[PDB]
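Below you'll find only one chain, the form solved without ligand GUN, shown as structure tokens.
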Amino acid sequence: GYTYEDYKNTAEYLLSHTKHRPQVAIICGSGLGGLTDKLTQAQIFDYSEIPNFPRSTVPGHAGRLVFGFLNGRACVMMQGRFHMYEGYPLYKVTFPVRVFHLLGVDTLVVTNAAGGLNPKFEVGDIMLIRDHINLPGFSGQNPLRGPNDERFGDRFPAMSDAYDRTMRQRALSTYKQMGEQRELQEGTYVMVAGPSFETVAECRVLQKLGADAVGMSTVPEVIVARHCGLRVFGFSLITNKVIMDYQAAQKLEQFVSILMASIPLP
């Protein structure tokens, strides 16, 4: 759908309309828009004013980028993210990530809301994402499917090192600082397309496959991000324990904000 030039035009629009130069892009998942409250010097672009940006036909959720500083670090936030279940093809779901790269961003933080599959997780837990399982990807729904563009990356990029080891260590180490009751969980995120929720038998499948949390987003963006060389890390907020038998948001937002200090300099 999009050409290299389309991404570049969008990026140049943004660059000539703000003096902000973000090092870090952050995608806010459901219930996590509150992260934009922590930016200083906020400049806002509604998705509808940005050339080439996907928008929803559905009213209500407008969708926006907000540029600012988070804990002293220059960043851009996506408030309102695109999902496969809404009907967007994956190249639109992940369009913004390639834009961020052309903006100069070297780090992508991904957040989402997910169903706990690991019995020891509780509602309100934060799961540091260690790895993923791309079920749509197995069957053909991969955002890199089609001709490859070497201005972005390789034809066959590796994903085994997708979730940055350094950020993982610094996150485990930092979370201990925050005097929290429960430890920071860690585990594997599985994407399913949705939009209907999982049956019990489906949840047992996902658990047997080794998944600790399930949701309907994030993975396509991680893949495109890694294709073009961005450092990636992220977190799932566990908003339910899925059924296997027949304030927490504000905490994650504050943790993400503290972690900016740990992102390496450009």
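Numbers for residues come from their place in the sequence shown, where the first is 1.
Separately, the form deposited with ligand GUN bound exists; it is not shown, and the next lines address it.
- For this ligand-free form, the site is classified open because ligand GUN, superimposed from its arrangement in the deposited complex, keeps every atom beyond 2.4 Å of the backbone and C-beta atoms.
- The candidate stretches are 107 to 115, 126 to 134, 179 to 187, 161 to 169, and the one lying within 4.5 Å of ligand GUN in the deposited complex by heavy atoms is 107 to 115.
- With the partner removed from view, the residue among 207, 43, 56, 240 that has a non-hydrogen atom within 4.5 Å of ligand GUN in the deposited complex turns out to be 240.
- In terms of contact with ligand GUN in the deposited complex, the residue from 70, 214, 225, 26 that brings a heavy atom within 4.5 Å is 214.
- Taking the partner from the other structure, ligand GUN in the deposited complex has no heavy atom within 4.5 Å of any heavy atom of residue 49.
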